[PDB]
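Chemist: Pasting target_20.cif below, which is mmCIF, C-alpha atoms and all ligand atoms.
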data_final
#
loop_
_atom_site.label_atom_id
_atom_site.label_comp_id
_atom_site.auth_asym_id
_atom_site.auth_seq_id
_atom_site.Cartn_x
_atom_site.Cartn_y
_atom_site.Cartn_z
CA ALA A 1 0.00 0.00 0.00
CA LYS A 2 1.43 3.26 1.14
CA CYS A 3 2.17 5.28 4.19
CA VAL A 4 1.70 8.80 5.12
CA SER A 5 4.12 9.94 7.73
CA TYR A 6 2.46 10.19 11.10
CA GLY A 7 3.54 13.84 11.03
CA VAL A 8 0.70 14.76 8.73
CA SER A 9 -1.76 14.15 11.53
CA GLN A 10 0.63 15.39 14.20
CA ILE A 11 1.01 18.87 12.69
CA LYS A 12 -2.75 18.94 12.17
CA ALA A 13 -2.85 18.97 8.37
CA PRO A 14 -5.90 16.82 8.06
CA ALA A 15 -8.07 19.65 9.38
CA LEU A 16 -6.80 21.89 6.59
CA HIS A 17 -7.42 19.14 4.18
CA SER A 18 -10.84 18.79 5.53
CA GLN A 19 -11.51 22.51 5.28
CA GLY A 20 -10.96 22.06 1.67
CA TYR A 21 -7.29 23.34 1.51
CA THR A 22 -4.42 21.07 0.22
CA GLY A 23 -1.62 23.20 -1.23
CA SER A 24 -3.43 23.83 -4.47
CA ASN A 25 -1.57 26.06 -6.90
CA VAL A 26 1.41 26.51 -4.52
CA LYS A 27 4.92 26.05 -6.14
CA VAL A 28 7.34 24.18 -3.96
CA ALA A 29 10.98 23.70 -4.85
CA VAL A 30 12.52 20.63 -3.30
CA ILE A 31 16.23 21.54 -3.30
CA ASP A 32 17.72 18.15 -2.85
CA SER A 33 19.00 15.12 -4.54
CA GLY A 34 16.42 15.13 -7.37
CA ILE A 35 12.95 13.57 -7.29
CA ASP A 36 12.01 10.29 -8.96
CA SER A 37 9.05 11.73 -10.98
CA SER A 38 8.29 8.20 -12.21
CA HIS A 39 6.64 7.47 -8.85
CA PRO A 40 2.91 7.09 -9.08
CA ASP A 41 2.01 8.95 -6.01
CA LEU A 42 4.29 11.72 -7.11
CA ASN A 43 3.69 14.43 -9.60
CA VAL A 44 6.63 16.73 -10.35
CA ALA A 45 5.91 19.87 -12.24
CA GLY A 46 9.33 20.91 -13.35
CA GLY A 47 12.79 21.45 -11.96
CA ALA A 48 16.46 21.60 -12.99
CA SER A 49 19.76 20.08 -12.04
CA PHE A 50 22.84 21.98 -11.00
CA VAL A 51 24.91 18.76 -10.43
CA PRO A 52 27.07 18.55 -13.47
CA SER A 53 27.55 14.84 -13.44
CA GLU A 54 23.89 14.32 -12.94
CA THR A 55 21.99 16.11 -15.51
CA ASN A 56 18.45 14.78 -14.87
CA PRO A 57 16.71 16.44 -11.90
CA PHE A 58 13.87 13.83 -12.24
CA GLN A 59 16.16 10.94 -11.78
CA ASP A 60 17.01 10.50 -8.02
CA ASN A 61 20.10 8.37 -7.34
CA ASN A 62 20.10 8.80 -3.69
CA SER A 63 16.35 8.42 -2.55
CA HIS A 64 16.64 11.40 -0.38
CA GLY A 65 14.71 13.95 -2.50
CA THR A 66 11.92 11.57 -3.55
CA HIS A 67 11.32 10.84 0.17
CA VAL A 68 11.44 14.42 1.17
CA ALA A 69 9.28 15.29 -1.78
CA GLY A 70 6.71 12.64 -0.90
CA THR A 71 6.49 14.13 2.56
CA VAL A 72 5.65 17.55 1.24
CA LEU A 73 2.97 15.97 -0.92
CA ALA A 74 1.64 14.07 2.06
CA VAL A 75 1.19 17.25 3.92
CA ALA A 76 -0.08 19.13 0.75
CA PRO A 77 -1.16 16.66 -1.80
CA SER A 78 -2.06 19.23 -4.41
CA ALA A 79 1.10 21.29 -4.26
CA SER A 80 3.11 21.70 -7.48
CA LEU A 81 6.58 20.21 -7.10
CA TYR A 82 9.77 21.19 -8.71
CA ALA A 83 12.70 19.00 -8.42
CA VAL A 84 15.86 21.21 -7.99
CA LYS A 85 18.80 18.80 -7.89
CA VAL A 86 21.88 20.17 -5.96
CA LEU A 87 22.90 16.90 -4.24
CA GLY A 88 24.23 14.15 -6.26
CA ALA A 89 24.02 10.42 -5.78
CA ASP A 90 26.36 10.43 -2.80
CA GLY A 91 24.04 12.89 -0.95
CA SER A 92 26.32 15.76 -1.03
CA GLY A 93 26.66 18.92 -3.15
CA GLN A 94 28.56 22.09 -3.56
CA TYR A 95 27.47 25.27 -2.04
CA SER A 96 27.74 26.68 -5.43
CA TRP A 97 25.13 24.21 -6.73
CA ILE A 98 22.93 25.00 -3.89
CA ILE A 99 22.93 28.68 -4.51
CA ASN A 100 22.33 27.96 -8.06
CA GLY A 101 19.25 25.89 -7.16
CA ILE A 102 18.17 28.60 -4.81
CA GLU A 103 18.63 31.30 -7.50
CA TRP A 104 16.59 29.07 -9.80
CA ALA A 105 13.68 29.01 -7.32
CA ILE A 106 13.54 32.88 -7.07
CA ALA A 107 13.65 33.16 -10.81
CA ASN A 108 10.98 30.53 -11.39
CA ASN A 109 8.72 32.25 -8.90
CA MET A 110 8.61 29.47 -6.32
CA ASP A 111 6.42 30.14 -3.43
CA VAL A 112 8.17 27.78 -1.05
CA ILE A 113 11.68 26.46 -0.91
CA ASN A 114 12.59 23.37 1.13
CA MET A 115 16.26 22.69 1.76
CA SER A 116 16.59 19.37 3.68
CA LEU A 117 20.32 19.82 3.52
CA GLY A 118 23.09 21.60 5.44
CA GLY A 119 26.84 22.38 5.81
CA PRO A 120 29.03 23.41 8.80
CA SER A 121 30.44 26.57 7.17
CA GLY A 122 28.85 29.87 6.36
CA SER A 123 28.93 31.40 2.82
CA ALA A 124 28.11 35.02 2.29
CA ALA A 125 26.77 34.19 -1.05
CA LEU A 126 24.60 31.43 0.31
CA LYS A 127 23.59 33.73 2.80
CA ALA A 128 22.76 36.28 0.12
CA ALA A 129 20.72 33.76 -1.84
CA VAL A 130 18.43 32.89 0.94
CA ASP A 131 18.05 36.54 1.91
CA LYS A 132 17.16 37.44 -1.61
CA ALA A 133 14.73 34.60 -1.81
CA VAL A 134 12.97 35.79 1.23
CA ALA A 135 13.17 39.34 0.00
CA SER A 136 11.55 38.10 -3.20
CA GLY A 137 8.75 36.80 -1.10
CA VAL A 138 9.51 32.99 -1.06
CA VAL A 139 9.05 31.10 2.17
CA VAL A 140 12.38 29.34 2.75
CA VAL A 141 12.59 26.27 4.99
CA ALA A 142 15.60 24.16 5.74
CA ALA A 143 16.52 21.10 7.88
CA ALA A 144 18.12 22.46 11.14
CA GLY A 145 20.71 19.78 10.99
CA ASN A 146 21.43 16.42 12.68
CA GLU A 147 24.44 17.39 14.77
CA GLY A 148 23.15 16.66 18.30
CA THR A 149 24.50 19.01 20.84
CA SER A 150 27.85 20.38 21.79
CA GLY A 151 27.69 22.01 25.15
CA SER A 152 26.43 25.52 24.68
CA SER A 153 27.30 25.70 21.07
CA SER A 154 24.66 26.08 18.37
CA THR A 155 24.82 22.96 16.18
CA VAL A 156 22.45 24.48 13.56
CA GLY A 157 23.96 24.08 10.06
CA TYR A 158 23.85 26.38 7.00
CA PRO A 159 21.59 27.70 5.64
CA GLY A 160 19.33 26.77 8.47
CA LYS A 161 21.46 29.06 10.53
CA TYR A 162 20.60 32.33 8.77
CA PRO A 163 17.84 34.36 10.31
CA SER A 164 16.02 34.58 6.97
CA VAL A 165 15.56 30.80 7.01
CA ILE A 166 13.10 28.79 9.07
CA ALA A 167 15.22 26.02 10.64
CA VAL A 168 13.28 22.91 11.57
CA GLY A 169 14.27 20.44 14.19
CA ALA A 170 12.78 17.05 14.58
CA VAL A 171 10.44 15.49 17.11
CA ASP A 172 9.17 11.94 17.20
CA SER A 173 5.59 10.84 17.72
CA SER A 174 5.50 11.88 21.26
CA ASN A 175 6.98 15.27 20.64
CA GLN A 176 10.26 14.45 22.16
CA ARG A 177 13.25 15.96 20.46
CA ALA A 178 15.26 13.40 18.49
CA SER A 179 18.85 12.74 19.81
CA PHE A 180 20.39 13.93 16.53
CA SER A 181 18.43 17.15 16.12
CA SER A 182 20.62 20.31 15.99
CA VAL A 183 20.11 22.93 18.65
CA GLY A 184 20.99 26.50 19.09
CA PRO A 185 19.34 29.90 19.09
CA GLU A 186 18.65 29.74 15.39
CA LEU A 187 16.39 26.58 15.64
CA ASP A 188 12.94 27.92 14.93
CA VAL A 189 10.21 25.26 15.07
CA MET A 190 9.93 21.51 15.13
CA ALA A 191 8.19 18.78 13.12
CA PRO A 192 8.20 15.07 13.08
CA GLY A 193 11.33 13.55 11.72
CA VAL A 194 11.78 10.10 13.29
CA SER A 195 10.98 7.15 11.12
CA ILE A 196 8.87 9.10 8.66
CA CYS A 197 7.50 6.97 5.92
CA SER A 198 7.50 8.32 2.38
CA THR A 199 7.93 7.56 -1.19
CA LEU A 200 11.11 6.08 -2.56
CA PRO A 201 12.50 5.55 -5.96
CA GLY A 202 10.77 2.57 -7.83
CA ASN A 203 7.15 2.48 -6.70
CA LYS A 204 8.43 2.21 -3.07
CA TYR A 205 8.00 3.47 0.45
CA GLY A 206 10.40 3.70 3.40
CA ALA A 207 11.01 5.55 6.53
CA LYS A 208 13.97 7.76 7.42
CA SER A 209 14.83 9.91 10.27
CA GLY A 210 16.43 13.30 10.17
CA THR A 211 15.76 17.02 10.34
CA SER A 212 15.47 16.45 6.64
CA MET A 213 12.21 14.65 7.29
CA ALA A 214 11.02 17.36 9.57
CA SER A 215 11.73 20.15 7.14
CA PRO A 216 9.18 19.04 4.47
CA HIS A 217 6.27 18.98 6.90
CA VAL A 218 6.96 22.59 7.58
CA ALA A 219 7.22 23.31 3.83
CA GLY A 220 4.07 21.33 2.92
CA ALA A 221 2.46 23.31 5.81
CA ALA A 222 3.35 26.73 4.33
CA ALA A 223 1.86 25.42 1.17
CA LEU A 224 -1.46 24.65 2.95
CA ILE A 225 -1.47 28.03 4.52
CA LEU A 226 -0.86 29.66 1.15
CA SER A 227 -3.72 27.75 -0.57
CA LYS A 228 -6.06 29.16 2.04
CA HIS A 229 -4.56 32.59 1.96
CA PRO A 230 -2.97 33.22 -1.29
CA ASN A 231 -2.51 36.85 -0.61
CA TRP A 232 -0.46 36.35 2.50
CA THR A 233 3.14 37.23 2.21
CA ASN A 234 5.95 34.85 3.21
CA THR A 235 6.53 36.95 6.14
CA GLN A 236 2.94 36.30 7.13
CA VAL A 237 3.13 32.70 6.44
CA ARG A 238 6.18 32.21 8.42
CA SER A 239 4.96 34.25 11.29
CA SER A 240 1.80 32.28 11.70
CA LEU A 241 3.78 29.20 11.64
CA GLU A 242 6.05 30.27 14.48
CA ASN A 243 3.43 31.99 16.39
CA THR A 244 1.07 29.10 16.70
CA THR A 245 3.27 26.19 17.50
CA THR A 246 2.58 23.87 20.41
CA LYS A 247 5.13 24.74 22.98
CA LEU A 248 7.36 21.92 23.98
CA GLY A 249 10.65 22.04 25.87
CA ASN A 250 13.06 24.96 26.12
CA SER A 251 13.95 26.97 23.10
CA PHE A 252 17.50 26.03 22.68
CA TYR A 253 16.27 22.59 21.99
CA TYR A 254 12.87 22.83 20.53
CA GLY A 255 12.65 26.28 19.26
CA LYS A 256 9.18 27.68 19.37
CA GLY A 257 7.82 24.14 19.50
CA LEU A 258 5.89 22.04 17.23
CA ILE A 259 3.91 23.54 14.33
CA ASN A 260 0.24 23.45 14.24
CA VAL A 261 -1.07 23.96 10.75
CA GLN A 262 -4.80 24.15 11.58
CA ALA A 263 -3.96 27.10 13.80
CA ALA A 264 -1.43 28.67 11.53
CA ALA A 265 -3.87 28.84 8.63
CA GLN A 266 -6.34 30.60 10.77
NA NA B 301 17.13 30.32 11.50
#
What is this file in structure tokens?
Ligand code: NA
Modeler:
Amino acid sequence: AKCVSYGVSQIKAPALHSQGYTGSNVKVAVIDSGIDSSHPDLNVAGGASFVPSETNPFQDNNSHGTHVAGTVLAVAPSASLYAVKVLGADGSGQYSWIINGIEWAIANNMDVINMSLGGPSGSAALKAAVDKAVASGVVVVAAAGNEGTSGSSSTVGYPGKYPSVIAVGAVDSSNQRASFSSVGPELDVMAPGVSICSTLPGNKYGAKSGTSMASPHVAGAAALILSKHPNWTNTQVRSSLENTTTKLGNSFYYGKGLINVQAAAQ
């Protein structure tokens, strides 16, 4: 059959879906390792690859992007997906490629960007890309990272670390922060990211854990909110999202807490 991550119910999407809103007409760029468009439960509307060795953004050699992309879809089934391939088959990519995929989203008028990816070093140009995307009105979401903790140090990666990005940590089914989830003052909200079941390449399904799994729930969520309020700006979308979370533990670890889409959409 299939699975829908349990995070769809947990972030309260079904209520949006039941109000009639499902991400309709919202453009979401899934900045990852491609998306296997050949999957039946997955419809990709377009995309582009910045990985020179891997020229087909609709071919996913890793599984990462298909999974992440199926999670967005699960939260917002009618969203339009763009596969922006910046991570090759090993799971890694240049910062350059990433900016390139980010510059492609701005230019193609994406409404939402999901980056379930991260690096330990800052880039002023990656920082400029995300800032420009947000300035262009795109809602940018990224994984907060899977670096655990380190004393008092922020373990939030880049770009999750920039203030213009919404960095998403991961919770499990019982809202407990996942051991691996990065922490730090830049962590903004949480979403499920432990053993999340989603689509895989070759008419498959599988679960994975990671802030990368959390990120797409928050991105599919912004797409639900948009479909209900297409005139809201990104700033508005994002604010509703942070302002209506279910508070959990302290902020260094959980951020503002878990997102509640029913509430966010108002
Ligand atoms: Na941030």
Chemist: Give me the residues within 9 Å of segment 15-23 of chain A as a list in words, counting all atoms listed in the file and dropping any in the same chain fewer than 3 places off.
Modeler: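 Everything that qualifies: residues 9, 12, 26, 27, 73, 75, 76, 77, 78, 79, 80, 220, 221, 222, 223, 224, 225, 226, 227, 228, 261, 262 and 265 of chain A.
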Chemist: May I have the residues within 9 Å of segment 102-114 of chain A as a VMD selection string, using only C-alpha atoms and disregarding those fewer than 6 positions away in the same chain?
Modeler: chain A and resid 26 to 32 47 to 48 82 84 126 129 to 130 132 to 134 136 to 143 215 to 216 218 to 220 222 to 223 226 234
Chemist: Find the spatial neighbours of segment 55-71 of chain A, counting only C-alpha atoms, within a cut-off of 7 Å - ignore same-chain residues fewer than 3 positions away - and output them as a list in words.
Modeler: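 My list of contacting residues is residues 30, 32, 33, 34, 35, 36, 37, 42, 47, 48, 49, 51, 52, 74, 75, 83, 84, 85, 89, 90, 91, 198, 199, 200, 201, 213, 216 and 217 of chain A.
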Chemist: Using only C-alpha atoms and all ligand atoms, which of the listed residues (A:202, A:210, A:169, A:230) sits closest to ligand NA 301 (chain B)?
Modeler: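 The closest residue to ligand NA 301 (chain B) is A:169.
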Chemist: Please check which residues have atoms at most 7 Å from (2.8, 24.0, 13.5) in the file's coordinates, counting all atoms listed in the file, and write them as a PDB file with C-alpha atoms, keeping the file's coordinate frame.
Modeler:
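Saved to point.pdb:
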ATOM      1  CA  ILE A  11       1.010  18.870  12.690  1.00  0.00           C
ATOM      2  CA  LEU A 241       3.780  29.200  11.640  1.00  0.00           C
ATOM      3  CA  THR A 244       1.070  29.100  16.700  1.00  0.00           C
ATOM      4  CA  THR A 245       3.270  26.190  17.500  1.00  0.00           C
ATOM      5  CA  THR A 246       2.580  23.870  20.410  1.00  0.00           C
ATOM      6  CA  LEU A 258       5.890  22.040  17.230  1.00  0.00           C
ATOM      7  CA  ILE A 259       3.910  23.540  14.330  1.00  0.00           C
ATOM      8  CA  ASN A 260       0.240  23.450  14.240  1.00  0.00           C
ATOM      9  CA  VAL A 261      -1.070  23.960  10.750  1.00  0.00           C
ATOM     10  CA  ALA A 264      -1.430  28.670  11.530  1.00  0.00           C
TER      11      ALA A 264
END
Chemist: Quick one: residues within 9 Å of residue 168 of chain A, all atoms listed in the file, excluding same-chain residues fewer than 2 positions away - as number ranges by chain?
Modeler: A: 141-145, 160, 166, 170, 181-182, 187-191, 211-212, 214-215, 218, 254-255
Chemist: Let me make sure I understand: among A:164, A:209, A:240, A:116, which one has the smallest atom-to-atom distance to ligand NA 301 (chain B) if we use all atoms listed in the file?
Modeler: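 That would be A:164, the residue with the smallest distance to ligand NA 301 (chain B).
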Chemist: Using all atoms listed in the file for the distances, tell me which of A:97, A:162, A:180, A:252 is nearest to ligand NA 301 (chain B).
Modeler: A:162
Chemist: Measuring between all atoms listed in the file, which one of A:163, A:185, A:257, A:46 shows the shortest distance to ligand NA 301 (chain B)?
Modeler: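 Once distances to ligand NA 301 (chain B) are computed over all atoms listed in the file, the minimum belongs to A:163.
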Chemist: In Å, with one decimal, what is the gap from atom CA of residue 238 of chain A to atom CA of residue 101 of chain A?
Modeler: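 That distance, rounded to one decimal, is 21.3 Å.
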Chemist: When you count all atoms listed in the file, which of these residues is closest to residue 233 of chain A: A:156, A:135, A:117, A:124?
Modeler: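 Going through A:156, A:135, A:117, A:124 one by one, the smallest distance to residue 233 of chain A is for A:135.
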Chemist: Give the centre and edge lengths of an axis-aligned box, in Å to one decimal, that holds all listed atoms of segment 39-47 of chain A with 3 Å on each side, as AutoDock Vina command-line options.
Modeler:
--center_x 7.4 --center_y 14.3 --center_z -9.7 --size_x 16.8 --size_y 20.4 --size_z 13.3
Chemist: Find the residue from A:184, A:10, A:235, A:40 that sits nearest to residue 205 of chain A; use all atoms listed in the file when measuring.
Modeler: A:40
Chemist: Name the residues within 6 Å of (2.6, 7.6, 2.9), counting only C-alpha atoms in the file's coordinates, and put them as a PDB file with C-alpha atoms, in the coordinates of the input.
Modeler:
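Full text of result-v4.pdb as output:
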ATOM      1  CA  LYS A   2       1.430   3.260   1.140  1.00  0.00           C
ATOM      2  CA  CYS A   3       2.170   5.280   4.190  1.00  0.00           C
ATOM      3  CA  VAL A   4       1.700   8.800   5.120  1.00  0.00           C
ATOM      4  CA  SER A   5       4.120   9.940   7.730  1.00  0.00           C
ATOM      5  CA  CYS A 197       7.500   6.970   5.920  1.00  0.00           C
ATOM      6  CA  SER A 198       7.500   8.320   2.380  1.00  0.00           C
TER       7      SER A 198
END
Chemist: Between atom CA of residue 54 of chain A and atom CA of residue 88 of chain A, what is the distance in Å, rounded to a tenth?
Modeler: 6.7 Å
Chemist: By how many Å are atom CA of residue 118 of chain A and atom CA of residue 148 of chain A apart?
Modeler: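 Atom-to-atom, atom CA of residue 118 of chain A and atom CA of residue 148 of chain A are spaced 13.8 Å apart.
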